Amino acid sequence: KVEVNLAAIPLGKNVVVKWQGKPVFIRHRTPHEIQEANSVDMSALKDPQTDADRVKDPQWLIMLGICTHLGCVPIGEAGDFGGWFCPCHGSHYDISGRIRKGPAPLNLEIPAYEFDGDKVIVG
Amino acid sequence: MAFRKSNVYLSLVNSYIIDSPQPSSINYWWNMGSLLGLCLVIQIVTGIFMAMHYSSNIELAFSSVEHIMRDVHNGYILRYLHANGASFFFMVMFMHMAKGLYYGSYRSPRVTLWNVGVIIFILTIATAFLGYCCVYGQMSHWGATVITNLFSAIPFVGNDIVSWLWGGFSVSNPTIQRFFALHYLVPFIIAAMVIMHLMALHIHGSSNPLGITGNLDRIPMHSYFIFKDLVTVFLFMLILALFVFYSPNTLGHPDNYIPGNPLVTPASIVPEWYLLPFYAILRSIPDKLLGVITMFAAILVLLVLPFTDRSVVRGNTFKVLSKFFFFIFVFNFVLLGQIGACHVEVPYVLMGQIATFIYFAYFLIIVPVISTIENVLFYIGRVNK
Amino acid sequence: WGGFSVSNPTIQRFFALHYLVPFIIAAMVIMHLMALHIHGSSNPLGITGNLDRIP
Amino acid sequence: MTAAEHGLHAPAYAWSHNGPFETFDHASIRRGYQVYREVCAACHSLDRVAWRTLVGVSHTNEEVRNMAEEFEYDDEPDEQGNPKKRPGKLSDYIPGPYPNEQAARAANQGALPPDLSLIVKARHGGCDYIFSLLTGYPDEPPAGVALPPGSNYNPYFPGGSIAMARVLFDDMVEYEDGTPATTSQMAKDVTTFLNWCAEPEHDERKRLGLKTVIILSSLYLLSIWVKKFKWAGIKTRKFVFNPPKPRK
Amino acid sequence: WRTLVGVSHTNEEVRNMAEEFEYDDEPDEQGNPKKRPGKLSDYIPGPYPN
Amino acid sequence: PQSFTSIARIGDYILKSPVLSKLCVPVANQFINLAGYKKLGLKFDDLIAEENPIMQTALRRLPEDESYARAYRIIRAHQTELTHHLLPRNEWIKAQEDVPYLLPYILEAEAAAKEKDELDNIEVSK
Amino acid sequence: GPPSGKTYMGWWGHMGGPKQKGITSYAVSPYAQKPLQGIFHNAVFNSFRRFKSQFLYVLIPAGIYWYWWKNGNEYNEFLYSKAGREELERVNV
Amino acid sequence: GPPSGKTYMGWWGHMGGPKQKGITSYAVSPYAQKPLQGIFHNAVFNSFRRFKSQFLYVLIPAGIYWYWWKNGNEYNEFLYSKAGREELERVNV
Amino acid sequence: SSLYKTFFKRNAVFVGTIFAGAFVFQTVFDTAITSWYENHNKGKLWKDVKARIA
Ligand SMILES: CCCCCCCCCCC(=O)OC[C@H](COP(=O)(O)OC[C@H](O)COP(=O)(O)OC[C@@H](COC(=O)CC)OC(=O)CCC)OC(=O)CCCCCCCC
Ligand SMILES: CCCCCCCCCCCCCCCCCC(=O)OC[C@H](COP(=O)(O)OCCN)OC(=O)CCCCCCCCCCCCC
Ligand code: HEM
Ligand code: HEM
Ligand code: HEM
Ligand code: HEM
Ligand SMILES: COc1c(O)c(C)c(C/C=C(\C)CC/C=C(\C)CC/C=C(\C)CC/C=C(\C)CC/C=C(\C)CCC=C(C)C)c(O)c1OC
Ligand SMILES: CCCCCCCCCCCCCCC(=O)OCCCOP(=O)(O)OC[C@@H](O)COP(=O)(O)OCCCOC(C)=O
Ligand SMILES: Cc1cccc(-n2nnn(C)c2=O)c1COc1ccn(-c2ccc(Cl)cc2)n1
Ligand code: FES
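Residues numbered from 1 in each chain as written, not as in the entry; some residues may be left out. Chains lettered and ligands numbered in written order. Part of a larger assembly, values for the part shown. Heavy atoms only, no water.

- What the deposited record gives as its method is cryo-EM, and the resolution it gives is 2.52 Å.

### Overview of the overall build of chain D
- Assigned secondary structure in chain D consists of eight helices and five strands.
- Each helix and strand of chain D, ordered N terminal to C terminal, gives the series α-α-α-β-β-α-α-β-β-α-α-α-β.
- Scaling as 2.2 N^0.38, a compact globule of 248 residues should have a C-alpha radius of gyration of about 18 Å, whereas chain D reaches 29 Å, well beyond that.
- Considering chain D as a whole, with its 248 residues, one finds that 40% of them fall into the buried category.
- Partitioning the contacts of chain D with sequence separation of at least 6, the portion at a separation of at least 24 is 61%.
- When the accessible area of chain D is evaluated, it comes to approximately 13,600 Å², of which 55% is carbon and sulfur surface. (Helix = DSSP H or I, 4+ residues; strand = E, 2+ residues; numbered from the N terminus. Rg over C-alpha atoms; globule rule 2.2 N^0.38 Å. Buried < 20%, exposed > 50% of the residue type's maximum accessible area, 1.4 Å probe, protein only. Contact = heavy atoms within 4.5 Å. Areas by Shrake-Rupley, 256 points an atom, 1.4 Å probe, with all protein chains shown as cover.)

### A few points about the overall build of chain B
- Helices and strands together make up the secondary structure of chain B, namely 15 helices and two strands.
- Over its C-alpha trace chain B gives a radius of gyration of 23 Å, about what one expects of a compact globule, namely 21 Å for 385 residues.
- Across its three principal axes, chain B shows a C-alpha extent of roughly 75 × 60 × 40 Å.
- When the 385 residues of chain B are sorted by exposure, 53% land in the buried category.
- Here the contacts in chain B between residues at least 6 apart in sequence split such that 78% fall between residues at least 24 apart.
- Split by element, the accessible area of chain B, about 16,000 Å² in all, is 72% carbon and sulfur.
- Mean positive and mean negative side-chain charge positions of chain B (18 and 13 charges, respectively) differ by 17 Å. (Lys, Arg positive; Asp, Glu negative; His and termini not counted. Charge placed at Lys NZ, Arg CZ, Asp CG, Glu CD.)

### Description of the coordination of the iron atom of ligand 4
Residues and elements named next belong to chain B.
- Those protein atoms acting as donors to the iron atom of ligand 4 are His96 (NE2) and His197 (NE2), and they sit at 2.7 Å.
- Seen from the iron atom of ligand 4, its six donor atoms lie at angles of 79 to 178°, and the figure they make is octahedral. Taken as a pair, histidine 96 in helix α5 (residues 75-102) and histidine 197 in helix α9 (residues 173-202) lie far apart in primary sequence, 101 residues in all.
- Classification of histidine 96 by relative accessible area gives partly exposed; the value is 27%. (Donors = N, O, S within 2.8 Å, 3.2 Å for Na, K, Ca; no water. Tetrahedral: all angles 85-135°; square planar, octahedral: opposite > 155°, others 65-115°.)

### Describing empty space enclosed by the protein
- A full pass over the atoms with the stated rule returns nine cavities of 30 Å³ or more.
- Taken as a whole, the largest cavity holds about 200 Å³ of empty space.
- If you list the elements that add at least two residues to the lining of the largest cavity, you get α5, α14 (320-339) and α15 (348-380) of chain B.
- Grouping the amino acids of the lining of the largest cavity by side-chain chemistry returns nine nonpolar, six polar and two charged.
- Those elements giving two or more residues to the lining of the second largest cavity turn out to be β2 (24-28) and β3 (60-64) of chain A.
- Classifying every residue of the lining of the second largest cavity by side-chain character gives eight nonpolar, two polar and one charged. (1 Å grid on protein atoms, 1.4 Å probe; cavity = no way out; pocket = protein on both sides within 12 Å on 5 of 7 lines; lining within 4 Å. Points joined across faces, edges and corners; volume = space filled by probe spheres on them. Nonpolar A, V, L, I, M, F, W, Y, C, P; charged D, E, K, R; others polar.)

### Some remarks on the domain arrangement of chain D
Residues and elements named next belong to chain D.
- Parsing chain D into structural domains produces domain 1 (4-200) and domain 2 (201-245).
- Each of domain 1 and domain 2 has a C-alpha centre, and these two points are 50 Å apart.
- With ten residues of domain 1 at the interface, the matching set in domain 2 holds six residues.
- In total, domain 1 and domain 2 occlude about 650 Å² of area from one another, counting both sides; carbon and sulfur atoms represent 48% of this.
- Its largest share of buried area at the contact with domain 2, domain 1 owes to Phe24, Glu199 and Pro200, together 45% of the area lost on that side. (Domains from an automatic or database assignment. Buried area = accessible area lost by both parts, 1.4 Å probe.)

### Considering the UniProt feature "binding site: heme b b566" (unreviewed entry) in chain B
Residue and element names in this part refer to chain B.
- Per the UniProt annotation, the sites labelled "binding site: heme b b566" (unreviewed entry) are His96 and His197. The greatest C-alpha distance among the residues just named is 13.8 Å, despite their covering 102 residues of sequence, which places them together in space.
- Residue classification places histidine 197 among the partly exposed positions, given a relative accessible area of 22%.
- Residue contacts for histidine 197: discarding those within four places in its chain leaves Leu113, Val116, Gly117 and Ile120. (UniProt positions renumbered as here; feature names shortened; annotations may be inferred.)

### A few points about the pairing of β3(A)
Residue and element names in this part refer to chain A.
- When you tally the buried positions in β3, you get five out of five residues, the bulk of the element.
- Both faces of β3 are covered, namely the face carrying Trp60, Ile62 and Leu64 and the face carrying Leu61 and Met63.
- Strand direction decides the pairing type here: β2 and β3, joined by five bridges, are antiparallel. Following the sheet pairing, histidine 28 is matched in β3 by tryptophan 60. (Pairing = 2+ DSSP bridges.)

### Re the arrangement of the chains
- Ranking the 13 pairs of chains in contact by contact count places chains B and F at the top.
- The closest approach of any C-alpha atom in chain C to one in chain D is 16 Å; the two make no contact.
- For the non-touching pair chain F and chain I, the nearest C-alpha separation works out to 30 Å.

### Thoughts on the environment of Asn92(G)
Residues and elements named next belong to chain G.
- Along the chain, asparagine 92 falls in the segment after α3 (85-88).
- Taking relative accessible area as the criterion, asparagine 92 reaches 54% and is therefore assigned exposed.
- It is 69 Å that separates the C-alpha atoms of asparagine 92 and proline 18, two residues lying 74 residues apart in sequence.

### Focus on the site of ligand 1
- Surrounding ligand 1, one finds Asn27(B), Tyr28(B), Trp29(B), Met32(B), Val231(B), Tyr220(D), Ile224(D), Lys227(D), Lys228(D), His84(F) and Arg50(G).
- Mapping the residues adjacent to ligand 1 onto the chains of the assembly identifies chains B, D, F and G.
- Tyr28(B) is positioned such that a nitrogen or oxygen atom in its backbone is 3.2 Å from an oxygen atom of ligand 1.
- Alone, ligand 1 offers 1,200 Å² of accessible surface; in the complex the protein occludes 58% of this.
- Among the elements that take part in the shell around ligand 1, helix α7 (residues 202-230) of chain D stands out by supplying four residues, more than any other. (Near = heavy atom within 4 Å. Polar contact = N/O pair within 3.5 Å; in protein donor to acceptor, adjacent residues only side chain to side chain.)

### So, the UniProt feature "binding site: heme c" (unreviewed entry) in chain D
All names here are of chain D.
- Those residues carrying the UniProt feature "binding site: heme c" (unreviewed entry) are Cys40, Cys43, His44 and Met164 in this numbering. In summary, the annotated positions, though distributed over 125 residues, converge in three dimensions, the widest C-alpha pair being only 11.8 Å.
- Along the chain, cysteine 40 falls in the loop between α2 (26-38) and α3 (61-68).
- Setting aside chain neighbours within four positions, we find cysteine 40 in contact with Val35 and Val190.
- Here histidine 44 shows up in the loop between α2 and α3.
- Since its relative accessible area comes to 16%, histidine 44 is described here as buried.

### Some thoughts on the site of ligand 7
All names here are of chain B.
- In the region of ligand 7, the neighbouring residues are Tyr16, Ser34, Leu40, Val45, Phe49, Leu198, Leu201, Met221 and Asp229.
- About the coverage of ligand 7: the protein hides 60% of its 1,100 Å² of free accessible area.
- Of the residues assigned to the shell around ligand 7, the class counts are seven nonpolar, one polar and one charged.

### What to know about the interface of chain B and chain D
- On the chain D side, the residues contacting the 37 residues of chain B number 36 residues.
- Taken together, the two surfaces of chain B and chain D that pack against each other cover about 3,100 Å², and 66% of this comes from carbon and sulfur.
- For chain B, the biggest contributors to the area lost against chain D are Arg70(B), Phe245(B) and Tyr246(B); these three give 22% of the whole.
- On the surface where chain B and chain D come into contact, there are two salt bridges.
- With a closest N to O distance of 3.7 Å, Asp71(B) and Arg52(D) form a salt bridge. (Salt bridge = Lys/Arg side-chain N within 4 Å of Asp/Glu carboxyl O.)

### Here's the deal with the coordination of the iron atom of ligand 5
- Looking at the protein side alone, the iron atom of ligand 5 has one donor only, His32(C) (NE2), at 2.7 Å.
- Looking at where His32(C) falls in the secondary structure, it is placed in helix α1 (residues 8-37).

### Some words on the sheet that holds strand β1 (residues 2-4) of chain A
All names here are of chain A.
- Spatial strand order, β1-β5-β4: three strands in an open sheet with antiparallel pairing. The open sheet is flanked by β1 and β4 (113-115), the only strands paired with a single partner. Sheet twist, expressed as the average angle between the axes of neighbouring strands with direction ignored, equals 20°.
- Here three bridges tie β4 to strand β5 (residues 120-122), and the two strands are oriented antiparallel to one another. (Axes fitted to C-alpha atoms, helices over the stretch in contact; angles between N-to-C directions.)

### A word on a nonpolar patch on the surface
- Taken together, the side chains of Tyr9(B), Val21(C), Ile24(C), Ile25(C), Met28(C), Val29(C), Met31(C), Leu33(C) and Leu36(C) define a hydrophobic patch exposed on the protein surface, amounting to about 770 Å² of accessible area.
- You can see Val29(C) is positioned in helix α1.
- For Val29(C), a relative accessible area of 43% puts it in the partly exposed group. (Patch = residues over 30% accessible without salt bridge, like charges linked within 9 Å, V, L, I, M, F, W, Y side chains within 5 Å.)

Next comes the structure, spelled out in structure tokens:
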């Protein structure tokens, strides 16, 4: 388990840390895209959740990439909405991390990060 | 008596390779078991001399194989003989098993001889998997990732077996260091099962291509089958030397010359040619737990074959319909290897599902049905009622 | 040595030979028990034991 | 998949080391190192190759000593414990242009150029793929293709979009022996030099294979003759049956 | 540092002892070196560089 | 190992039916000629596998002049195969010589073994 | 040592077949024969006789599995070309 | 299998000794006997009888080699002390 | 023929003449192949390129 602080995150990036030997994608979430993350209808997806059950974080955004296809990886935020266009089979998706554009029906495990008193522990 | 018959150690040599009574009419298909003992000696000797220069750490494994190819005197000969000698070990073993299918060698009284040979086949597949991961190329990392994640689908003990098999949270430094120590050991367990294989052969002897008794006409082993063994030994070494010296990278993948990277996925993940038919059986079941059971049941279905053969005659020499369906099973095994090297696409998904059905229906449906039909055709073609 | 003194090639080849020789000892133990089987054991009196045996 | 996602198939050129009795052309390995030093080495490392392996293959012992002494290497520290530097010797390896891979991506717009020590064995196609890539940049992409900014079109690359621009142009290198340095001439010389970097045993392996095949094919023909001699009594054996009288 | 927790000091005490030393980090995005304070998985440092 | 009692039970039902005999018997005649054991000088009862106690009983009870003739046909077939030839056409087994000489000894050894099993696993009916 | 279970093979002198009577055999030394007198007629006439007896049990199953692979390979090439784009969308649902 | 060379041991029934005639033996079941009735007299009287019969073959060679080591150890301690310095120079030439 | 009767006179060779002729075979076989291999590749070897820069 790695331990990072609040403002010590790499904010304007998509840093692929090898935490636990696993690729993981990290993004600073500005509070302006609560209007903009969920304008996508999740009925164009195959299974919906919410933003709430997925992202329990107001201003940070983490999801890992041990993919069930074979374990692919995307390219940083170009493409369609601010999401992540992937060069393996042509997948790209929303700013939050839920796939429908391209053949990937499921979605990934979110890491069990945890907050306790000006700390967050990815693990 | 002679000294070779009275000495305790020379009597075992005399009773196996000198004075052993052999059937007179066995052909060159009975020479494959002698070639398999030569293949096992080449793999053990070339591997011990390469192990004096090898480092099994995760940041030293790929560069020590490159050190063998460049700095060790005749080190490229040691590696190419070892990498191509593993493909020749599997080609002769496929021909040895198919000889027993055609001539009815699995039948009684040789059922214990057939069951020990199935154990040898499972241990050889495991050995070639463990040594391929010790190169730590790009094909070695993602082939170990696919196979070890299959055991996470077992109920209630999935996540405990896979973490104990990794030594951590992924394929890492403890995975490669324990895969090399297990790769040194399992060839010595195969050598102990080969001795138990020859002990079961000694009490009944060999069969013959006619399927009838051989106790009426025997010749000894020395100077007939010693010099008939030499013909296929020199042909084996000549074809193997043409691959080692003139085309040493035909039976491999180019992606295994890239160092392994856990953050970059290759475009295609394909095994070696001798694991391709069992890889297409695994990808044909959409469920994840049912695919692992079906891939291991493709080897264990050879054990049901003494019970589903309902014929009173041993072998396929005088059987018309059994000869036709034997070669359907053979070319279905080649199509399963070609499907396992393609992409998951239309129409290769349906073609691999029908071919997986024909693999299992041969042992369980086709063989007991046409054995019974041939028993009745032999009867009513002679009896006049 | 593999070189001019006791160095890195000396230790890497000493470990590979250390893995192998215990398996050669195990094959000589089987040949040891085969020679024992044809005559049996002796006894502390030094005389024949074919008159009184137990399994 | 689509043919654009596979890449175009590379044709078969007549390399002079193709064939079971052929060696490398060592005047083309020497010409190919000069195209490496003046063109390729700005962004590519050659990390598996030592300086000493070039002596007797493409340069003399006096030439390689002067090439190695133009670079600086780390020495053992001082008596006070301070670091030091030293020129190169024959047991060193050829150095690369970047200190780490973070600095390599920063100079190439995020892309990482690979190590070229094994690039011939690590691509499907071999020498024919490397030659077709360097000479296969079109002057314009075909109509309809949308390239990202910072990418170039090459039909032999899988996907058609590569992060390397066209580098080879006519008469950018002045050869020592007087060969005209066109685009196709310089692309042929690097591919011969890079095949030697991946397989430095190639000339010796094909000579030991000539001795092994002659001996093993003579032993195969002699063993067929010996087997037919020792089996001649069994193969012409004859059997007669006279049924016994029913006394019994 | 982690082997001292539960033997002679608490978890809160060893975290403050490790954070008084400086360790090498992964390099920058430009490729420049960096430094960082210590954590529990580090080893106790020595006084001399060589 | 089906049974020789089960083979004769199915085969006698076919030969007594008038419409099943016209359809299955010409197929059985081409099946035997394509087998090719008569070109090696063998009968069908030489081909039965013999490493079972039922077959060892039937070979003991065979008369002595037929056991001598059977041993010669097996030895002659092993020599013909290792030379990779066939016999001359005047030494092929004809259709009226391919008789089941061993079948009546097999059927009486099997009926005695079945009767011993039904008496060793019998239930009283008080 | 003790004896073990019964077998179906013996050794020289007690091999375990039926009793033989009435068969006589003849042979001639290999040193008295002319060397390699089957290099011509066995290689042409006899190997042709062994080939064509067993070639329909092998080439009829081989032609079935080669026709099947060739049509599946040609249909996959049509689906990923430009002309086969609206058939690709409906066989992927 | 074939037979091998002759031995001096057999198996149960044909072990290979002389013929026996005239000897009779008697035994009693272990379930009919009182447990551990040799824990006292065997441990004191009988083990003392076995000890003192064989103790002079062991302790006379043991006392020779212990007297030899003890004088060589005490002479080496004298040679490297202060009083044994002029003897050390003449036994080292 | 008769030239395999002049040297041996109805016998086998012997075990020592096999080992003696095997070492004489190795030095003549190695020299004859290295001469044919370097003549087949003349002009491409390093000893031919080294002369043309001098
Ligand atoms: C991985 C590489 C391994 C290399 C070693 C393996 C080689 C063994 C190949 C498999 C095999 O055993 O098949 C043999 C089979 C013939 O068996 P048979 O006893 O009925 O024929 C005795 C012969 O007439 C007289 O044989 P004879 O003793 O007179 O001459 C010896 C012959 C050499 O033969 C061999 O070494 C085995 C091929 O010399 C010549 O051919 C002269 C020309 C130079 O052949 C056939 O039935 C069909 C032929 C093709 C089968 C290949 C299938 C592989 C997929
Ligand atoms: C886990 C399960 C593993 C199972 C592995 C299955 C794949 C095995 C691959 C090898 C298959 C080769 C078959 C070997 C079986 C040998 C027995 C046999 O078939 O007998 C030879 C056959 C009939 O022999 P007869 O005794 O009747 O007379 C011969 C007179 N010429 O006479 C013949 O017809 C000649 C035989 C020629 C066979 C050629 C077909 C095989 C081609 C394989 C190609 C594979 C690479 C693409
Ligand atoms: C039944 C015997 C064996 C089989 C089938 C086998 C198989 C293999 C295979 C397929 C590889 C990968 C080759 C490559 O692609 O480079 C390999 C690698 C290797 N094997 Fe074996 N092996 C056997 C016995 C042994 C033994 C007994 C040892 C050591 C004492 C050994 C040592 C090695 C080593 C060091 C490698 C490292 C990679 C390399 O050098 O190619 N092998 N083995
Ligand atoms: C890998 C090491 C193996 C060795 C060294 C070996 C060795 C041998 C040898 C020397 C023979 C007798 C000669 C012959 O019939 O060719 C034989 C026969 C046999 N083997 Fe193997 N074998 C191996 C693997 C296998 C496998 C994988 C199987 C089956 C799944 C098998 C099953 C049999 C059978 C059934 C026979 C008897 C065939 C007959 O008598 O007609 N063996 N083996
Ligand atoms: C790993 C090494 C060895 C093993 C497993 C082993 C095992 C055995 C066993 C089980 C016996 C059976 C009877 C008994 O326990 O006395 C025996 C007897 C014997 N062993 Fe060993 N032994 C080993 C080493 C040796 C050595 C180093 C020697 C002599 C230099 C030796 C010489 C003998 C002799 C002479 C006997 C017969 C003694 C008698 O019957 O009175 N063995 N051994
Ligand atoms: C004659 C000169 C050169 C040769 C032979 C050469 C060779 C190669 C090769 C073989 C590749 C890999 C292609 C593949 O993976 O399929 C490559 C990629 C690359 N090269 Fe070069 N190179 C040369 C010069 C240069 C130069 C001058 C640059 C300057 C920026 C450069 C930058 C790159 C980059 C960024 C890549 C990665 C492309 C990608 O992954 O999309 N190369 N080069
Ligand atoms: C039916 O007819 C047959 C029949 O035809 C045959 C051939 C056989 C013969 C059997 C075989 C050919 C199979 C036997 C093969 C094995 C048992 C394989 C075992 C392999 C080994 C024991 C390999 C051991 C190798 C080493 C220990 C390597 C040593 C390397 C060293 C010491 C390197 C260090 C060197 C230095 C200088 C430090 C039969 O038994 C038989 O049945 C009657
Ligand atoms: C005039 C003569 C000239 C002839 C020259 C011809 C020489 C040709 C040699 C090469 C030909 C084949 C090469 C293979 C070879 O040599 O193999 C060596 C012996 C074969 O194995 P084996 O030891 O006989 O069997 C070995 C196994 O079958 C026997 O099992 P085991 O465990 O040993 O049983 C006893 C168990 C004891 O166990 C215990 C607990 O004590
Ligand atoms: C998936 C993939 C990709 C690349 C390489 C390799 N691989 N691994 N080793 N070699 C030589 C390779 O080609 C693989 C493994 O492919 C298979 C197929 C079935 N098994 C298998 C079955 C039973 C057991 Cl016990 C162990 C393994 N493995
Ligand atoms: S990664 Fe699942 S479709 Fe691209």
